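Report on the structure given below.
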Ligand SMILES: CCCCCCCCCCCCCCCCC[C@@H](O)O[C@H](CO[C@H](O)CCCCCCCCCCCCCCC)COP(=O)(O)OCC[N+](C)(C)C
Ligand SMILES: CCCCCCCC/C=C\CCCCCCCC(=O)O[C@H](COC(=O)CCCCCCC/C=C/CCCCCCCC)COP(=O)(O)OCCN
Ligand SMILES: NC(=O)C1=CN([C@@H]2O[C@H](COP(=O)(O)OP(=O)(O)OC[C@H]3O[C@@H](n4cnc5c(N)ncnc54)[C@H](OP(=O)(O)O)[C@@H]3O)[C@@H](O)[C@H]2O)C=CC1
Ligand code: SF4
Ligand code: SF4
Ligand code: SF4
Ligand SMILES: [Zn+2]
């Protein structure tokens, strides 16, 4: 009844590391649920799961407070998730990148980047081909 | 000094207020309107971000162009945009609104809604998923947060 | 002529006109018209802005994809002006404030900034510079505005000898501060005005850019009809159906416009100036809820 | 021979009668159109534009083409009377934002390859 | 004919051929040809003057009573003297059947409007007038239905360019939406896909 | 076989007439609708906590484009121009030439993402699995020009998403 | 019931084409030549009418 | 092998760089130019040449159905190696 649900709320407060952690998670993610930690990310993101929640709420990520160059205590976005955790989080697969990691290649980025639109490091298009017609160059010598 | 501190904090408060309540009026031109209504559906719940459902043109902050803008329709969209109060933002949703898309080489299609109105955020996809449009809305919120008006007024 | 700068197309939105322009102060009343006239023919435009980019939104649909590039700048740093005019073959100076602020008086806006812009453009190899002054700009003016304008014009001519000085006479238009200011009222019979259309000034600037022989010349853009102030003001109320800026602007508006027949005008650029009677209704229709004013020549 | 099925007019006389009727209607409608759409043009130049549009097809010597033109002009008049058009559609007759095109051979030689 | 080939129904073919001969006999004043395709579709090519009679027969005869007008469209073939061909598709619920009627016309010859026989025709006819320029006499109100107001030309004609002649934008100087001659940042890439070595010998034409 | 949806006849005896009058005068069906809405209020919502929670996807999902390369680090694209020929929207532009070592590689490969209709025809017309449509969908942009991808941007996308793209291809290539 | 008017057919005023795309263009009527890379002749059976080539330039962005 | 133009711009793997007098460089002011750091030509030049004891060797790019179409390469010219037309891998017979 009521006592059980209030006790569960108290355990939810306890499981986030005290009142400070409870307030931090409540104001950072608007959610105070506790689930088993599934993975840690090299950028600081943490990935949790709870199979007793309904589909879509059974997996989530607490974002890191500091990505490559920007403070991220408030300004978070979905483009921060690295591709392997992106696959696990979107339920394209049932296996986290910890139990089985992706194949390692020498050209794959070692440092994921978020959406860099609106920043000096944004993408500017250009024509990647050379000049089709080259012009005649006059001689530097006098003619008469 | 305190003079710039006051305007900085006032900017923070005003930006938080403006981005924390975005009231959109949506031009449901074509199939991307369906993904807008799915972003308004229970699963994504735009209203939970302070983004209300189907505001009136006279009390809307952001205009969402979701569909193909035809030559017969451009004056109406421009008039509705002009009727909107300031500050006002425009989000271009889908390939049809971004650049014409599948009907780019057509005699009756405007090649991009940015020939008519300025655009703040471009949401790509045919159609963008409801999550993609939500990401675009949150990116517009971040863009609003970045802006600084009292500071520009103070140092000018 | 650097093949990438060779004109191509039919002079449309997606064409190439070979004009790379840096329009300082493009966020104002004349800047939007200048940028629109530049982008209609497909020229690449660079907009230096100090304000919030929200206030530069209206310039985005004025050109094709990638033909309008916005960069930040400030009038007291030479490096910003350097990086903004570095790749431009045309520079236009529309920077001007009607009032003084705590950070800029008329000295900063009309003398120091134009001189720095002209010097940086001259060093950078900019081919053309178009500087905008006032028709009534002289050293012995009682108003600081006109004295500063004259000193800045002399300094610009010194720094960039091949500059084109255009001196419009009290531009009026849809977003002007002359028709609207007079209609916002809700002394005379000795002051005479020479209002000129905003579109006419924009076309004059574009033609001067395209004019090869107007390199170091000085122009004066004036309207066709000279109006006394009282008669002109009466017309404004009549068109608007209304019953009949601290100290400097009132003094300037109580001054009569000079007459410089020695200076070439809009006709020499192949532009017929339009009467104020036609566009008065267009500008002042928003002020509402046929007997044109008499003129002296 | 070349026997053909009539549309509305048997010969050029009825066609000219219909053309005169349409011109009458357009000339009468012009000032009301100018006032209703709040156009910046005058009634004089609007009627001049109507005259120019009617003159653009002055070389036609076929009754069927002529009364097809009359039908199209009547539909345009019906559009402009019921205010189905907006100000943009009406002002599209004047090409205000287009650069003037020089027919001089030298000007055309200088600008580009277009004959 | 193993499972990859569409099965054939000769019973429906015979029924449609019999009904085509029946219709052709009843109205020899207007019928010019009757065809049945290999997938059991019956079409009747008639003279333009017989639109109202024949259709009415197909609508009202006890043995036909094709009471539904499914579609009405036109096809543009520039190589013909009569450039446009008008197609009427009719459905009969009593006999669970469908029929097609074909007519020809050119730019300056008006077809007689069939709104009296079928009201559903009305909008369809407008569309044809909007897309091909085919005038329909005695139409209650013939005007454009899909194209913009003041639009010049008929876009579904084969000689109409794909992107049209004008394009719209917004001009700040005149503060309104204006139309200008069309220019494309990237021109439409025309592909030559037709290959030599003809594919279907059954449709080979005489070498004249 | 056909069904009748509205072919019922109310009984005209006193009890049924009284029942209908009681429904009219006491608004019984209105309270029924109220009760159903109330019951709907007391159940769990279906809202997920975006961006901390994400909607389910599949390996077949078509999002942002990418150009892949062989495990040796050499790009798979050989300028066969099949993706450009099959593109319904004409969004792909390709120019090629022999490389320094004589290889058949592209010098220009642009995709206009404002023209693309995201049909996935390009990745099923490719014979070497060079161009693919990755699973990224959160690539909204503040300007039009950044949605005009070139070869460098697509190659960077491939290098960025290769792990997840290869996992999806491994999961779904047996259905192709 | 028939006009029997005798005049050369001209619908140039009814097709909506701009004036400078009628009196300036020069069309070519021809049977396309066989592609020398192939021995098939199925592409040389009908007549083609095409227009004269006009200017094509390079887009300053993306080329 | 990513290089840098005398004007300072990075040269792409296709050899593209705006010359000094090009105005289009203005598009990169206050922003960056997108260049891929991995040049495929160098990476395929860094692969070893595999020795096989046959005159004809088949290549499918590795992975089977996830590679390129299977092709057969002749190895009778002892002067040079046999290169795959798709992958760029090189093959050789054991000379001497
Ligand atoms: C009593 C007199 C009244 C006169 C008028 C005063 C107006 C009412 C005063 C009350 C203002 C309420 C402010 C509360 C805002 C705090 C919100 C906080 O959480 O924002 C965070 C912090 O951001 C900013 O730092 C907050 C700026 C708020 C204002 C800063 C100080 C302004 C105080 C000045 C008040 C003096 C007014 C004097 C003139 C009226 C970022 O969150 P956000 O990005 O959104 O959302 C991210 C979503 N995630 C987390 C789920 C991923
Ligand atoms: C023996 C001596 C006794 C003394 C006399 C006592 C007699 C009492 C018995 C009869 C009284 C009953 C009357 C009560 C009100 C009746 C009004 C009524 O029935 O109107 C309905 C219509 O009423 C409505 O539909 C109103 C619905 C409005 C929508 C909102 C639903 C509201 C229900 C939610 C709960 C309401 C809470 C009420 C109490 C709140 C108290 C704070 C009839 O309209 P129609 O069905 O359309 O047909 C008319 C054409 N022939
Ligand atoms: N009737 C008229 O308009 C008269 C105009 N004059 C001259 O014509 C010129 C242009 O006129 P107009 O466009 O109407 O004037 P505006 O005030 O409308 O705009 C001038 C531009 O200059 C910019 N600017 C102003 N101060 C500074 C500064 N300290 N640093 C950088 N930029 C600045 C403004 O940008 P921001 O938005 O940031 O303030 C503004 O966009 C002016 O030099 C004026 O003096 C000539 C005669 C007629
Ligand atoms: S953008 Fe794509 S999904 Fe949306 S309406 Fe256009 S074609 Fe349909
Ligand atoms: S997904 Fe379709 S429209 Fe997009 S590039 Fe590929 S083939 Fe073209
Ligand atoms: S289909 Fe594949 S290999 Fe062919 S051009 Fe396109 S990306 Fe390159
Ligand atoms: Zn290989």
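Just so it is clear, none of the values below were taken in a lab; they were calculated from the coordinates. Cβ placement follows ideal geometry from the backbone for every residue including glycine, while neighbour counts extend to all protein chains displayed.
Some notes on this structure:
- Kirkwood analysis of the stretch C:137-231, using all unique Cα-Cα pairs, places the hydrodynamic radius at 15.2 Å.
- Residue mean of other protein chain beta carbons inside 10 Å, D:57-67: 4
- For chain B, a Gaussian network of Cα nodes joined below 10 Å ranks B:25, B:37, B:73 by mean-square fluctuation, and the top entry is B:73.
- Exposure proxy order (Cβ contacts within 10 Å, fewest to most) of F:41, C:146, E:72: F:41, E:72, C:146
- For C:51, F:119, order by how many other beta-carbon atoms lie within 10 Å, fewest first: C:51, F:119
- Most mobile of D:32, D:57, D:82 in a GNM of chain D (Cα contacts under 10 Å): D:82
- For F:72, E:17, the sequence from fewest to most other C-beta atoms within 10 Å is E:17, F:72.
- Between A:78, A:69, A:56, the Gaussian network model of chain A with springs among Cα atoms under 10 angstrom shows the greatest mean-square fluctuation at A:69.
- Taking each DSSP H run with n ≥ 4 as -39500 (n - 2.57) and averaging over every residue of chain C yields -9000 deg cm²/dmol at 222 nm.
- Among beta bridges identified by DSSP and lying wholly in the protein assembly as shown, the antiparallel ones come to about 60 percent.
- Restricting the calculation to Cα atoms, the stretch E:116-162 shows an Rg/Rh of 1.00 when the hydrodynamic-style radius is the Kirkwood one.
- Per-residue ellipticity at 222 nm, computed for chain D from helices alone with -39500 (n - 2.57) per DSSP H run of at least four residues, works out to -19500 deg cm²/dmol.
- Inter-part distance where the stretch H:1-55 and the stretch F:1-73 are each reduced to a Cα centre, Å: 57
- Length-normalised contact order of chain D in % [C-alpha pairs under 8 Å, at least 6 apart]: 32
- Bridge type composition, chain C - antiparallel percent by DSSP, nearest 5: 10
- For the residues of H:9-22, the average number of beta carbons from a partner chain within 10 Å of their own beta carbon is 5.
- DSSP bridge pairs, chain B: antiparallel proportion in percent, nearest 5: 5
- Relative to the longest principal axis of the Cα atoms of chain F, the long axis of helix F:14-26 makes an angle of roughly 60 degrees.
- Whole-number D in µm² s⁻¹ for the stretch F:122-176, Kirkwood Cα-pair radius fed into Stokes-Einstein, 10 °C, 1.306 mPa s: 125
- Every Cα-Cα pair in the stretch F:61-104 was counted, and those over 14 Å apart are 63% of them.
- Per residue of peptide D:80-92, the mean number of Cβ atoms on other chains within 10 Å of the residue Cβ is 5.
- The overall shape of chain D, judged from the alpha-carbon gyration tensor, is oblate: a/c is not under 1.5, and a/b is no greater than b/c.
- Using the empirical formula 2.2 N^0.38 Å as the baseline, the Cα radius of gyration of the stretch A:1-110 reaches a ratio of 1.21.
- With Cα atoms, 0 to 90° folded angle of helix E:51-60 axis to chain E main axis: 50
- At the listed q of 0.10, 0.12, 0.20 Å⁻¹, the Debye profile of chain F, built from one uniform point per Cα, gives log10 I(q)/I(0) equal to -0.57, -0.68, -1.39.
- Prolate/oblate/rounded call for chain G, Cα gyration tensor, a/c under 1.5 rounded: oblate
- Seen against the Cα atoms of chain A and their longest principal axis, helix A:2-14 is set at about 40 degrees.
- Percent of alpha-carbon pairs separated by more than 28 Å within the stretch B:2-155: 23
- The protein assembly as shown shape via C-alpha gyration tensor axes, a/c threshold 1.5: rounded
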